[PDB]
Amino acid sequence: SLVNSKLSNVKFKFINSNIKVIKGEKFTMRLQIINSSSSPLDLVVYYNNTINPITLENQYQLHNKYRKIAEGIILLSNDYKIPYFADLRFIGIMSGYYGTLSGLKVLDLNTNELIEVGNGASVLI
Amino acid sequence: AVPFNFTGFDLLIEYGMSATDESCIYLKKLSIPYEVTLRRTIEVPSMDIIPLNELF
């Protein structure tokens with residue numbers, strides 16, 4: 001549900017339930033941002049749909065993990081400026097169990113640290 | 001007919017040619033200043049390409 005920050009007092013949770021059913025169509029997804037109001041602003045999202053470029057069976061196992069992270073869902077409003085509440089906008093292409101869907105990265109525009117939200121899941125059957 | 005204009009485009013001018021002849025290249029020059037700015041209406045600052053594999 002929740003993961004804490006590394007730099008600020010910001011915490012990220014998803015108001016909609018982290019196990020959810022959908023077909024290959026569109027779906028609504030909703031994220032909590034609660035922080036301290038000393039600089040309550042300037043975060044950005046991006047989903048980063050590219051392959052992390054990376055034993056031979058593990059050598060084709062890490063690639064097939066990454067080639068379904070970066071090909072499964074697409075975020076239909078990336079670079080979303082946040083200002084608390086935001087409804088992030090995805091559609092998924094191919095089906096499976098996308099537990100800890102880990103592409104999406106928010107980032108603080110001052111002192112750029114790659115904050116990750118490795119939470120939530122989506123079955124597509 | 002502005003559709004393909006760079007963002008540094010900010011002015012125009014028209015050196016009109018005023019001809020008169022019998023058998024001669026006897027002309028003049030007539031020049032106009034024109035200032036015009038741009039409505040930056042819509043922009044596509046990024047693109048990316050995703051393939052697919054599911055039959056819907």
# chains A, B, ... in the order shown; residues from 1 in each chain; ligands from 1

$ interface_residues --of "chain A" --to "chain B" --cutoff "8 Å" --atoms "only C-alpha atoms" --output "VMD selection string"
chain A and resid 24 49 71 93 to 95

$ select_by_dssp --residues "chain A" --states "strand (DSSP E or B)" --output "PyMOL selection string"
chain A and resi 3-4+11-14+21+26-34+43-46+73-75+86-92+97+105-108+114-116+123

$ atom_distance --atom1 "CA of residue 121 in chain A" --atom2 "CA of residue 9 in chain A"
24.5 Å

$ residues_around --residues "range 23-32 of chain B" --least-positions-apart "5" --cutoff "12 Å" --atoms "only C-alpha atoms" --output "short mmCIF file (atom, residue, chain, number, x, y, z; two decimals) with N, CA and C atoms, in the first residue's frame"
data_model
loop_
_atom_site.label_atom_id
_atom_site.label_comp_id
_atom_site.auth_asym_id
_atom_site.auth_seq_id
_atom_site.Cartn_x
_atom_site.Cartn_y
_atom_site.Cartn_z
N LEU B 11 9.16 38.87 -38.98
CA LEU B 11 8.97 40.05 -39.80
C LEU B 11 8.85 39.64 -41.26
N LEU B 12 8.38 40.58 -42.07
CA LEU B 12 8.33 40.41 -43.51
C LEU B 12 8.50 41.77 -44.16
N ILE B 13 8.81 41.75 -45.46
CA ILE B 13 8.95 42.97 -46.24
C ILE B 13 8.62 42.65 -47.69
N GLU B 14 8.31 43.70 -48.45
CA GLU B 14 7.89 43.53 -49.84
C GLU B 14 8.54 44.61 -50.70
N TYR B 15 9.64 44.26 -51.36
CA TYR B 15 10.29 45.16 -52.30
C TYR B 15 9.56 45.05 -53.63
N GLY B 16 8.56 45.91 -53.81
CA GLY B 16 7.75 45.89 -55.02
C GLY B 16 8.51 46.50 -56.19
N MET B 17 8.36 45.90 -57.36
CA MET B 17 9.03 46.35 -58.57
C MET B 17 8.04 47.14 -59.42
N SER B 18 8.37 48.40 -59.72
CA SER B 18 7.51 49.30 -60.49
C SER B 18 8.07 49.42 -61.90
#

$ atom_distance --atom1 "CA of residue 45 in chain A" --atom2 "CA of residue 79 in chain A"
5.1 Å

$ atom_distance --atom1 "CA of residue 51 in chain A" --atom2 "CA of residue 105 in chain A"
14.8 Å

$ closest_residue --among "A:53, A:118, A:83, A:40" --to "residue 66 in chain A" --atoms "only C-alpha atoms"
A:53

$ closest_residue --among "A:14, A:46, A:60, A:90" --to "residue 104 in chain A" --atoms "only C-alpha atoms"
A:46

$ residues_around --residues "residue 31 in chain A" --least-positions-apart "2" --cutoff "9 Å" --atoms "only C-alpha atoms" --output "VMD selection string"
chain A and resid 12 to 16 29 33 85 to 88

$ write_last_selection --atoms "N, CA and C atoms" --output "tab-separated table (two decimals), in the first residue's frame"
chain	number	residue	atom	x	y	z
A	12	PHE	N	3.25	7.68	-0.64
A	12	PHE	CA	2.48	7.34	-1.83
A	12	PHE	C	1.65	6.10	-1.54
A	13	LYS	N	0.35	6.20	-1.79
A	13	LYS	CA	-0.57	5.09	-1.63
A	13	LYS	C	-1.58	5.19	-2.77
A	14	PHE	N	-2.29	4.11	-3.03
A	14	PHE	CA	-3.29	4.13	-4.08
A	14	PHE	C	-4.66	3.93	-3.45
A	15	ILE	N	-5.55	4.91	-3.68
A	15	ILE	CA	-6.88	4.94	-3.08
A	15	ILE	C	-7.71	3.79	-3.60
A	16	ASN	N	-7.65	3.56	-4.91
A	16	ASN	CA	-8.26	2.39	-5.51
A	16	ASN	C	-7.47	1.16	-5.08
A	29	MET	N	-7.15	4.96	-12.44
A	29	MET	CA	-6.22	4.61	-11.38
A	29	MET	C	-5.88	5.89	-10.63
A	33	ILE	N	-0.86	11.47	-2.73
A	33	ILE	CA	0.35	12.21	-2.40
A	33	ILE	C	0.03	13.01	-1.15
A	85	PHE	N	-4.67	15.43	-4.89
A	85	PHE	CA	-5.18	14.25	-5.58
A	85	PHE	C	-4.92	14.30	-7.08
A	86	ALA	N	-4.56	13.16	-7.66
A	86	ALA	CA	-4.37	13.03	-9.09
A	86	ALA	C	-4.87	11.68	-9.56
A	87	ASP	N	-5.54	11.66	-10.71
A	87	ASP	CA	-6.03	10.42	-11.31
A	87	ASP	C	-5.16	10.10	-12.52
A	88	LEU	N	-4.22	9.18	-12.34
A	88	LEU	CA	-3.26	8.84	-13.37
A	88	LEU	C	-3.90	7.88	-14.36

$ decode --residues "range 32-74 of chain A" --atoms "N, CA and C atoms" --output "PDB file, in the first residue's frame"
ATOM      1  N   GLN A  32      -2.400   8.592  -4.072  1.00  0.00           N
ATOM      2  CA  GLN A  32      -2.266   9.512  -2.946  1.00  0.00           C
ATOM      3  C   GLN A  32      -0.887  10.152  -2.913  1.00  0.00           C
ATOM      4  N   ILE A  33      -0.859  11.469  -2.734  1.00  0.00           N
ATOM      5  CA  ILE A  33       0.352  12.206  -2.402  1.00  0.00           C
ATOM      6  C   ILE A  33       0.030  13.007  -1.151  1.00  0.00           C
ATOM      7  N   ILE A  34       0.664  12.659  -0.034  1.00  0.00           N
ATOM      8  CA  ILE A  34       0.570  13.415   1.211  1.00  0.00           C
ATOM      9  C   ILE A  34       1.990  13.662   1.698  1.00  0.00           C
ATOM     10  N   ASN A  35       2.327  14.929   1.934  1.00  0.00           N
ATOM     11  CA  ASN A  35       3.680  15.338   2.280  1.00  0.00           C
ATOM     12  C   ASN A  35       3.597  16.405   3.362  1.00  0.00           C
ATOM     13  N   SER A  36       4.713  17.084   3.587  1.00  0.00           N
ATOM     14  CA  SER A  36       4.717  18.334   4.327  1.00  0.00           C
ATOM     15  C   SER A  36       4.627  19.495   3.345  1.00  0.00           C
ATOM     16  N   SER A  37       3.878  20.532   3.731  1.00  0.00           N
ATOM     17  CA  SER A  37       3.603  21.643   2.827  1.00  0.00           C
ATOM     18  C   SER A  37       4.746  22.646   2.723  1.00  0.00           C
ATOM     19  N   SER A  38       5.883  22.397   3.368  1.00  0.00           N
ATOM     20  CA  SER A  38       7.136  23.006   2.946  1.00  0.00           C
ATOM     21  C   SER A  38       7.503  22.419   1.590  1.00  0.00           C
ATOM     22  N   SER A  39       7.399  23.248   0.534  1.00  0.00           N
ATOM     23  CA  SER A  39       7.471  22.910  -0.890  1.00  0.00           C
ATOM     24  C   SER A  39       6.505  21.783  -1.241  1.00  0.00           C
ATOM     25  N   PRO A  40       5.182  22.048  -1.307  1.00  0.00           N
ATOM     26  CA  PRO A  40       4.210  20.954  -1.483  1.00  0.00           C
ATOM     27  C   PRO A  40       4.004  20.508  -2.929  1.00  0.00           C
ATOM     28  N   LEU A  41       4.949  20.800  -3.814  1.00  0.00           N
ATOM     29  CA  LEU A  41       4.689  20.833  -5.246  1.00  0.00           C
ATOM     30  C   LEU A  41       5.841  20.138  -5.971  1.00  0.00           C
ATOM     31  N   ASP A  42       5.922  20.418  -7.283  1.00  0.00           N
ATOM     32  CA  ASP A  42       6.934  20.080  -8.315  1.00  0.00           C
ATOM     33  C   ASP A  42       7.483  18.648  -8.222  1.00  0.00           C
ATOM     34  N   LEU A  43       6.579  17.710  -8.499  1.00  0.00           N
ATOM     35  CA  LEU A  43       6.909  16.337  -8.846  1.00  0.00           C
ATOM     36  C   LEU A  43       6.442  16.078 -10.271  1.00  0.00           C
ATOM     37  N   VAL A  44       7.066  15.103 -10.927  1.00  0.00           N
ATOM     38  CA  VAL A  44       6.669  14.725 -12.279  1.00  0.00           C
ATOM     39  C   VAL A  44       6.562  13.203 -12.318  1.00  0.00           C
ATOM     40  N   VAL A  45       5.680  12.686 -13.168  1.00  0.00           N
ATOM     41  CA  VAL A  45       5.649  11.265 -13.459  1.00  0.00           C
ATOM     42  C   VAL A  45       6.279  11.074 -14.830  1.00  0.00           C
ATOM     43  N   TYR A  46       6.778   9.857 -15.066  1.00  0.00           N
ATOM     44  CA  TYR A  46       6.942   9.286 -16.403  1.00  0.00           C
ATOM     45  C   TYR A  46       7.068   7.779 -16.267  1.00  0.00           C
ATOM     46  N   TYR A  47       6.523   7.058 -17.243  1.00  0.00           N
ATOM     47  CA  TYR A  47       6.438   5.609 -17.141  1.00  0.00           C
ATOM     48  C   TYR A  47       7.688   4.895 -17.655  1.00  0.00           C
ATOM     49  N   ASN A  48       8.439   5.526 -18.568  1.00  0.00           N
ATOM     50  CA  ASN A  48       9.721   5.059 -19.118  1.00  0.00           C
ATOM     51  C   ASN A  48       9.573   3.698 -19.811  1.00  0.00           C
ATOM     52  N   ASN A  49       8.807   3.730 -20.901  1.00  0.00           N
ATOM     53  CA  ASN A  49       8.631   2.578 -21.785  1.00  0.00           C
ATOM     54  C   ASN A  49       9.855   2.417 -22.680  1.00  0.00           C
ATOM     55  N   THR A  50      10.906   1.848 -22.099  1.00  0.00           N
ATOM     56  CA  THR A  50      12.040   1.333 -22.849  1.00  0.00           C
ATOM     57  C   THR A  50      12.597   0.147 -22.083  1.00  0.00           C
ATOM     58  N   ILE A  51      13.314  -0.710 -22.796  1.00  0.00           N
ATOM     59  CA  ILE A  51      13.855  -1.921 -22.196  1.00  0.00           C
ATOM     60  C   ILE A  51      15.083  -1.556 -21.379  1.00  0.00           C
ATOM     61  N   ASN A  52      15.129  -2.018 -20.141  1.00  0.00           N
ATOM     62  CA  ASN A  52      16.387  -2.003 -19.413  1.00  0.00           C
ATOM     63  C   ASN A  52      17.294  -3.048 -20.050  1.00  0.00           C
ATOM     64  N   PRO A  53      18.486  -2.678 -20.520  1.00  0.00           N
ATOM     65  CA  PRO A  53      19.151  -3.454 -21.572  1.00  0.00           C
ATOM     66  C   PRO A  53      19.868  -4.716 -21.116  1.00  0.00           C
ATOM     67  N   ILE A  54      19.866  -5.015 -19.807  1.00  0.00           N
ATOM     68  CA  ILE A  54      20.626  -6.078 -19.088  1.00  0.00           C
ATOM     69  C   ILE A  54      22.011  -6.454 -19.630  1.00  0.00           C
ATOM     70  N   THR A  55      25.327 -17.801 -16.984  1.00  0.00           N
ATOM     71  CA  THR A  55      23.877 -17.899 -16.979  1.00  0.00           C
ATOM     72  C   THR A  55      23.304 -17.447 -18.307  1.00  0.00           C
ATOM     73  N   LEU A  56      22.561 -18.335 -18.958  1.00  0.00           N
ATOM     74  CA  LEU A  56      21.867 -18.007 -20.194  1.00  0.00           C
ATOM     75  C   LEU A  56      20.361 -18.009 -20.049  1.00  0.00           C
ATOM     76  N   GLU A  57      19.822 -18.872 -19.195  1.00  0.00           N
ATOM     77  CA  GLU A  57      18.381 -18.898 -19.022  1.00  0.00           C
ATOM     78  C   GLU A  57      17.933 -17.722 -18.160  1.00  0.00           C
ATOM     79  N   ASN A  58      18.761 -17.317 -17.193  1.00  0.00           N
ATOM     80  CA  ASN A  58      18.536 -16.047 -16.507  1.00  0.00           C
ATOM     81  C   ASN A  58      18.777 -14.857 -17.428  1.00  0.00           C
ATOM     82  N   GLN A  59      19.684 -15.009 -18.397  1.00  0.00           N
ATOM     83  CA  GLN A  59      19.957 -13.957 -19.364  1.00  0.00           C
ATOM     84  C   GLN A  59      18.767 -13.738 -20.291  1.00  0.00           C
ATOM     85  N   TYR A  60      17.986 -14.779 -20.568  1.00  0.00           N
ATOM     86  CA  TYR A  60      16.709 -14.578 -21.238  1.00  0.00           C
ATOM     87  C   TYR A  60      15.524 -14.581 -20.276  1.00  0.00           C
ATOM     88  N   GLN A  61      15.765 -14.561 -18.978  1.00  0.00           N
ATOM     89  CA  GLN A  61      14.663 -14.369 -18.050  1.00  0.00           C
ATOM     90  C   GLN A  61      14.518 -12.922 -17.607  1.00  0.00           C
ATOM     91  N   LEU A  62      15.640 -12.243 -17.359  1.00  0.00           N
ATOM     92  CA  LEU A  62      15.602 -10.823 -17.013  1.00  0.00           C
ATOM     93  C   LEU A  62      15.130  -9.970 -18.185  1.00  0.00           C
ATOM     94  N   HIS A  63      15.506 -10.358 -19.409  1.00  0.00           N
ATOM     95  CA  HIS A  63      15.004  -9.670 -20.594  1.00  0.00           C
ATOM     96  C   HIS A  63      13.502  -9.860 -20.764  1.00  0.00           C
ATOM     97  N   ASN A  64      12.995 -11.069 -20.533  1.00  0.00           N
ATOM     98  CA  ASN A  64      11.563 -11.276 -20.704  1.00  0.00           C
ATOM     99  C   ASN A  64      10.751 -10.734 -19.546  1.00  0.00           C
ATOM    100  N   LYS A  65      11.381 -10.484 -18.406  1.00  0.00           N
ATOM    101  CA  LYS A  65      10.738  -9.649 -17.403  1.00  0.00           C
ATOM    102  C   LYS A  65      10.625  -8.214 -17.903  1.00  0.00           C
ATOM    103  N   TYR A  66      11.736  -7.663 -18.409  1.00  0.00           N
ATOM    104  CA  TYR A  66      11.778  -6.247 -18.769  1.00  0.00           C
ATOM    105  C   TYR A  66      10.979  -5.940 -20.028  1.00  0.00           C
ATOM    106  N   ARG A  67      10.820  -6.915 -20.909  1.00  0.00           N
ATOM    107  CA  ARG A  67      10.100  -6.756 -22.161  1.00  0.00           C
ATOM    108  C   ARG A  67       8.604  -6.979 -21.988  1.00  0.00           C
ATOM    109  N   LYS A  68       8.145  -7.211 -20.768  1.00  0.00           N
ATOM    110  CA  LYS A  68       6.728  -7.167 -20.478  1.00  0.00           C
ATOM    111  C   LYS A  68       6.414  -6.118 -19.415  1.00  0.00           C
ATOM    112  N   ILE A  69       7.425  -5.622 -18.689  1.00  0.00           N
ATOM    113  CA  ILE A  69       7.269  -4.358 -17.964  1.00  0.00           C
ATOM    114  C   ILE A  69       7.101  -3.191 -18.929  1.00  0.00           C
ATOM    115  N   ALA A  70       7.966  -3.099 -19.926  1.00  0.00           N
ATOM    116  CA  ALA A  70       8.015  -1.923 -20.777  1.00  0.00           C
ATOM    117  C   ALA A  70       7.143  -2.044 -22.014  1.00  0.00           C
ATOM    118  N   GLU A  71       6.316  -3.077 -22.101  1.00  0.00           N
ATOM    119  CA  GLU A  71       5.421  -3.237 -23.228  1.00  0.00           C
ATOM    120  C   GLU A  71       3.980  -3.448 -22.821  1.00  0.00           C
ATOM    121  N   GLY A  72       3.710  -3.716 -21.553  1.00  0.00           N
ATOM    122  CA  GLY A  72       2.384  -4.087 -21.118  1.00  0.00           C
ATOM    123  C   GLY A  72       1.407  -2.940 -21.044  1.00  0.00           C
ATOM    124  N   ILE A  73       1.632  -2.009 -20.134  1.00  0.00           N
ATOM    125  CA  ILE A  73       0.745  -0.871 -20.008  1.00  0.00           C
ATOM    126  C   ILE A  73       1.456   0.353 -20.553  1.00  0.00           C
ATOM    127  N   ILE A  74       0.655   1.335 -20.951  1.00  0.00           N
ATOM    128  CA  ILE A  74       1.136   2.639 -21.384  1.00  0.00           C
ATOM    129  C   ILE A  74       0.349   3.713 -20.647  1.00  0.00           C
TER     130      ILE A  74
END
